[PDB]
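A short write-up of the structure that comes next.
For clarity, chains are labelled A, B, C, D, E, F, G, H, I and J in written order, and residue numbers in each chain start from 1.
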Amino acid sequence: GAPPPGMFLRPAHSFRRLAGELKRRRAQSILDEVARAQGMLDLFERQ
Amino acid sequence: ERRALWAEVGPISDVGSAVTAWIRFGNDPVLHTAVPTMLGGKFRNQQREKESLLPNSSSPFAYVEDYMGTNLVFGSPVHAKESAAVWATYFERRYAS
Amino acid sequence: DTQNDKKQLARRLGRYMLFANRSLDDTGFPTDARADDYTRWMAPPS
Amino acid sequence: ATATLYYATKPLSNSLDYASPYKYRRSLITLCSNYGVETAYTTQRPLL
Amino acid sequence: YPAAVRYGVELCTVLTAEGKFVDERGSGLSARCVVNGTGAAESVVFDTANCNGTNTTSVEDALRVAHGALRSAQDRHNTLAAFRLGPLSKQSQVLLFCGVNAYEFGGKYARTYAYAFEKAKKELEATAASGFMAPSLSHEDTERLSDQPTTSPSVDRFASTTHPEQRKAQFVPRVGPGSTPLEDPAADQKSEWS
Amino acid sequence: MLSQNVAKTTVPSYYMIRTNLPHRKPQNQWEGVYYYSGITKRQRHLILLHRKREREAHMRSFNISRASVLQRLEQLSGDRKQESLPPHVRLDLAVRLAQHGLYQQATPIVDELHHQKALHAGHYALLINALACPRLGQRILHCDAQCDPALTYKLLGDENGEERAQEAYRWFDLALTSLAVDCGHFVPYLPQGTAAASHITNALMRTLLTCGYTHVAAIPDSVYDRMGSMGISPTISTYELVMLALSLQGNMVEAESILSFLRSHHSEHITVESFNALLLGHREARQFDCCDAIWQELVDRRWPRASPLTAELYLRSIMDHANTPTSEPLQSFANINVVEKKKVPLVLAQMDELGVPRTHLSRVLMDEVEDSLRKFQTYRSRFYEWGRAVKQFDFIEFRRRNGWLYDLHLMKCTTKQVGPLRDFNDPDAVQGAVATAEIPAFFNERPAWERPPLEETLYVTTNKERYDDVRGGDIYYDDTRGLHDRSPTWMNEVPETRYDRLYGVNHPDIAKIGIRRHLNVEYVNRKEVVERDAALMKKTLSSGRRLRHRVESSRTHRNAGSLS
Amino acid sequence: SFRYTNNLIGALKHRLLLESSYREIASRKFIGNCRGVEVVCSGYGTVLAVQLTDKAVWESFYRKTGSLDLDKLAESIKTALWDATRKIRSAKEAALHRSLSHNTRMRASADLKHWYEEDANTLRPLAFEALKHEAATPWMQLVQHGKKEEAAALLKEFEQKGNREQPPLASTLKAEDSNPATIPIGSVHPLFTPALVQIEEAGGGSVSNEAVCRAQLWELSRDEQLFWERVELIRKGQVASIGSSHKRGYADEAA
Amino acid sequence: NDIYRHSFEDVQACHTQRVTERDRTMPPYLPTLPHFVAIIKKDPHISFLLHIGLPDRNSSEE
Amino acid sequence: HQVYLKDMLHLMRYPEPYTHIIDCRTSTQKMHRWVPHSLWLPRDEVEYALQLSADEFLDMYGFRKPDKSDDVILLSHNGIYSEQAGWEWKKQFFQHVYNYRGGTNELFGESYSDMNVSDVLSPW
Amino acid sequence: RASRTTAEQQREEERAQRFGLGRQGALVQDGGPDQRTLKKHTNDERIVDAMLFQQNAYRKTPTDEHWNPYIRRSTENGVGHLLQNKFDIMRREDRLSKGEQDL
């Protein structure tokens, strides 16, 4: 992505960055699923 | 100056002395090798169930690199080129200015 | 009665120091401060 | 590393471009960035 | 870091583990135990249910059984602690080992630590020699001037050696209670009493 | 040089001849004679060094005797071997070990003796008494506790006090079992009734004193109650141990009660050690008037005979008293409580009337006492000579070389006068001074909220005399400058700096002229970061709303519009 | 001046004494007893033996023809164990107390908190750590307590040649290792062990002058160069902004 | 903080003030629930009541 | 308060983290060596330097500004400029400020002087 | 992240207004950088720091002046320097719990 103001991008294929990106992939899948699940609750709750 | 001179090797030289060191840090051969590891909340412990680029090992010591994300020792060839490039650029700018 | 039983062991412990009248500060340890000071710090709201 | 930089940056030598001030600067900076990288390696080595 | 280590220690101290043992010699005598992080036993219980009505088990064998149960319990507790405190302690190891240069025992300050270390040892020795009453901090106790270290408070750092008005700490001359001289105390004003 | 060295005489003139102004100060009646009580740096150092060496001597002795006992143990364990030593040898070994505080090694020996029924009545009392470590007690008393008897109990408690306590209780029960065996009319109360039982109980108490606070507190509570319950009759040393316990706790009411009961019923049996107990106690509770009352009483009844320990406790209590401060209200002139030390040469005199040898007093206490003496005691000899002017002025010279002239009479010139207070009852009435006194400035000084904040630190003040002739008004003024004061021309008076082109600029960008931005390769400027994030929290309030689209309410269903 | 070195020496005196204490308590027996029942623990709190002293006396207390209580018996075992453990804890705290009362530098900072910040829970030996220290081989125990000499020795002899009453550590830890003089710097402050291990010699327990001087000399080199870089820039800034390399003196350099 | 990093010389600077055990490190006693649970279970009377004093937790209903 | 040569050598071999040794030498022309672990604030700048914020000071001198609790040892050729600088550091209120007199001359065996002042007074 | 940073910066500005921290007017004034003015009962950076200076100037430890007996047993800062052996500490605990005075 685009860095926070005072920061610099670590290299790709660096352990710290690989871990970080992994963390982001997982977190964002979770947030997506949750969003949709709450949507479904809305759908059968007849919002 | 006379007392010091140069060092060829770091604090822990060989796999033997590493085993000794590792025990001394308060680690137990059976128990502290048997605790599962976490990769981002996943519990990576399921083995070869997933494909990612990251060394497969229990010890956090396997994942150590510099603060700059660089490893010029024991890094994968990609990591090694990437990191020598990082430092090359940095020093190029330094000695330029 | 019988040597080193429950009751004897209990009476060896002495008087029980009440947790109410204990003066413990923020770190959970008894205070450095003078009793009059500590008392004032912990006094009820008004 | 130091001796490499020493010999290479010695007065007129094959590792410096005397053609133009720009080319000169580039040759020198290339050698210094080289030295620098060897130094960083040397820094990480004992610990890593 | 040291806060987190402490946290681990207190948590394990307070938590509880449980263990079982059944007699190998054939009476169905079995014991259960519940055990703190202290090694102490919160509970010990024998179960006569499994074993037959004949009984006839000597006190010795009940003791052996309870022994075994306390064992398995303390072991369960040790293993659980290894798993509770394990990951954080391993990463702690990387922090301290490779992150030395953040600390006061790393780099240029390592040499100071080692120095302090040796002094402490040597100092312990003399305390043991002096009857476990420590020598003076001020090193007023010493035979030779060569002996008092450069680190001692005895060493006189004042603008002037001779001139009294130049011997203050702050801009004017502070006084102790009762308008007694503070700055440079006279021999009898310093009292070491109980 | 020294700024308290100040003209006491006026410029020589005929005004000294033609006027009745006095040429010297009148003598100050309440200023004491200056005399010499005080020691050198060198002397204090000599005392400390010497003291340290005696400490070492004692610690050396203890190490030798301990090493000896331990060698006797290893020798009796290994060399005697298969052949069993007679019981008395083992028993002696156990006792000697426990006395040096190795209880751990004495435990198995004692166990094995009790199992063979080699111990009888007094032997148990012997062991239990040995658990109080009084060869270790000696060492602690001399080195660590600095010869104070109360501290020695407290510190002894820190040597494995809990385990020694537990052992003492255990051996005590062992003992009661053995006694009941040995007694086998009074069959029912035969074990408790026997003197041996009382002896043993005392041993138990005498040891528990030496363990921690907890156990000391347990003597007058549980042990004594259990002794009453059990049916064991006490001896005078039982009561004195209970008093010593109560008094280490600082419980004076109860200690004194026990002594009262004794006085009333058992008086002929009272030893000195109850007075010792009470003295130690009152000193702990820091009640020094009681500490005094009990000593004076003990001098009146001259029996029981005071012991060097008694005299030591009383004297210590006096030094303690003398070194306590009062609160700030009483601290303005001096430290009052020093007067207590002046009791000392009276107490010493009593110690001679009583036959208490003054040379059994700890080295420590005798240093403090000798000091106390050199403050207030002097002989009729010295007294005839102590006012000579040579000695008074020599004392002044000493004070001058240490730069403290402030208090001395001859040597101080007061300058500042304190004006009168106006009345709104009249501006007209002209006040005039009936009398004049020199009194410290802290009586009336401008109230702290009226005067500028910390004056000593932020202002350099000097009181000085005008050189020019002053027609009227005061001949002294206060020259006060600020600590931070500088020439208004300062910037010219100093070499040029790289700062100068910032002249008269309220918010310079020091980031720009600074060297860090060239030195660093990356160079994050901390002030652009925060700008960027405030710029980002501006965008959260820049939200517009998109137009929503209402549908038509119906009672029976919901209407579904679709994009068309 | 020298606040840091002095406070440090104080703190390390404290550490050495707590460590020496740990090594005393670790190899040692503690006996709890309740009614005829002797529970025997190591310093690590691990139950070694459960015995009945004087079967003659105590056996009929539990009955036996009578059937066993197992309730009375359980309570007395429990109680005995508790007693033993409480002895251990008290020993630890005792060590702490002796240390605090004799250590004058720590007394200098006036802290009631010194007395409560380490207590039985906190000090070593820790009970939940018993296993890894006790179950260990003699070699492993040697290296754990930082004796590299005897561990190497034992290792070479290992290669070339290829209810009991005693705490398992009384083998490896003997009397002489209670001397705070002997304690290696790696072992002194366990919290930091992995960092303090690098100050230490490769084979010997004692600190290596060479390693520590190497470490210092490296940083000194770096920091020297930094110093001159900054001096260079500050000077160039001076000359730039002032316009010349000259400066005025001070008003007092006329005389 | 894994993907992005601070300027190199900012951490160079940061390693100029070392972490010191005594002052510059947070104290080993922070408020934490087990710290207090430990403190109030460390009292001799309550430790006695827990282990020995009360009738056994597994044995009986009381 | 003074700091003697002994203290100086000791602090060379055994540095303290929060003790700062600050070089006050004014002219770059006269300074050829580096007192170990020192930092450079020339005397001429001090009055300004000490009134910068932590950040600004970092930007101008390239090292962290000592906190007011920390030990500050001052350094010069003779010990004169270090003294004057000391007065500056003391006037902003810095609690431990030590001047090492005889400083760089004693350390390195150089004979230089911060100011040219002579003992002789010109006849009145 | 922006929220954290903004709140940080705002706390610093507030603290600056409370104690009057920060330089006054222009740093490069003719009469020196130093120049400052104090108004009656008003906090200022200079006053804060002079105040601390007074407290600990060359002070090595809080126990520095305890060579002096009358300073040593002052109870003003608390009782903590007067508790030396465990015994005494426990005694204090006990007596305090019973609701009596500390010795």
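Rule of thumb we're sticking to: contacts are C-beta pairs under 8 Å (C-beta built on N, C-alpha and C of every residue); 3 or more make two chains touch, one makes a residue touch a chain.
Going by UniProt, the chains are F = Pentacotripeptide-repeat region of PRORP domain-containing protein.
A.B. asks: Going by the stated contact rule, which chains contact subunit C and subunit D alike?
C.D. replies: Common neighbours, subunit C/subunit D: none found.
A.B. asks: Pick out whichever of the two, E-H or B-G, is joined by more C-beta pairs in contact.
C.D. replies: E-H
A.B. asks: Between subunit C and subunit G, what distance separates the C-alpha centroids? Give it in angstrom.
C.D. replies: Each chain reduced to its C-alpha mean, subunit C and subunit G end up 30 Å apart.
A.B. asks: From the mean C-alpha coordinate of subunit A to that of subunit B, what's the distance rounded to whole Å?
C.D. replies: Here subunit A and subunit B have centroids separated by 27 Å.
A.B. asks: Could you tell me the distance, in whole angstrom, between the mean C-alpha positions of subunit G and subunit I?
C.D. replies: Result: the chain centres lie 41 Å from each other.
A.B. asks: Could you pull out the residues of subunit C that touch at least 2 other chains?
C.D. replies: Each of 3-4, 6, 9, 13, 15, 17, 27, 29-32 in subunit C touches at least two other chains.
A.B. asks: Going by the touch rule set out above, which residues of subunit J reach two or more other chains?
C.D. replies: 1, 27-28, 32, 34, 50, 53-54, 57-58, 60, 69-71, 74, 77-80, 85-86, 94
A.B. asks: Could you list which residues of subunit I touch at least two other chains?
C.D. replies: 1, 3, 7, 14, 16-18, 37, 44, 47-48, 52, 58, 61-63, 91, 93, 96, 98
A.B. asks: Going by the contact rule set out above, which residues of subunit F touch subunit B in the complex?
C.D. replies: These residues of subunit F touch subunit B: 518, 521.
A.B. asks: In their shared complex, at which residues does subunit H touch subunit E?
C.D. replies: Interface residues on the subunit H side: 15, 18-21, 25-30, 32, 34-35, 37-38, 41, 50-51, 56-59.
A.B. asks: Provide the residue numbers of subunit B that touch subunit E in the complex, in ascending order.
C.D. replies: Contact set of subunit B toward subunit E: 25-28, 31-32, 35, 37-38, 59-61, 64.
A.B. asks: Which bits of subunit I are touching subunit F when the two form their complex?
C.D. replies: It is residues 44-45, 47-48, 52, 55-56, 58-62, 91, 93 of subunit I that touch subunit F.
A.B. asks: Which part of subunit J faces subunit E closely enough to touch in the complex?
C.D. replies: Of all residues in subunit J, those touching subunit E are 53-54, 57-58, 60, 65, 67-71, 74.
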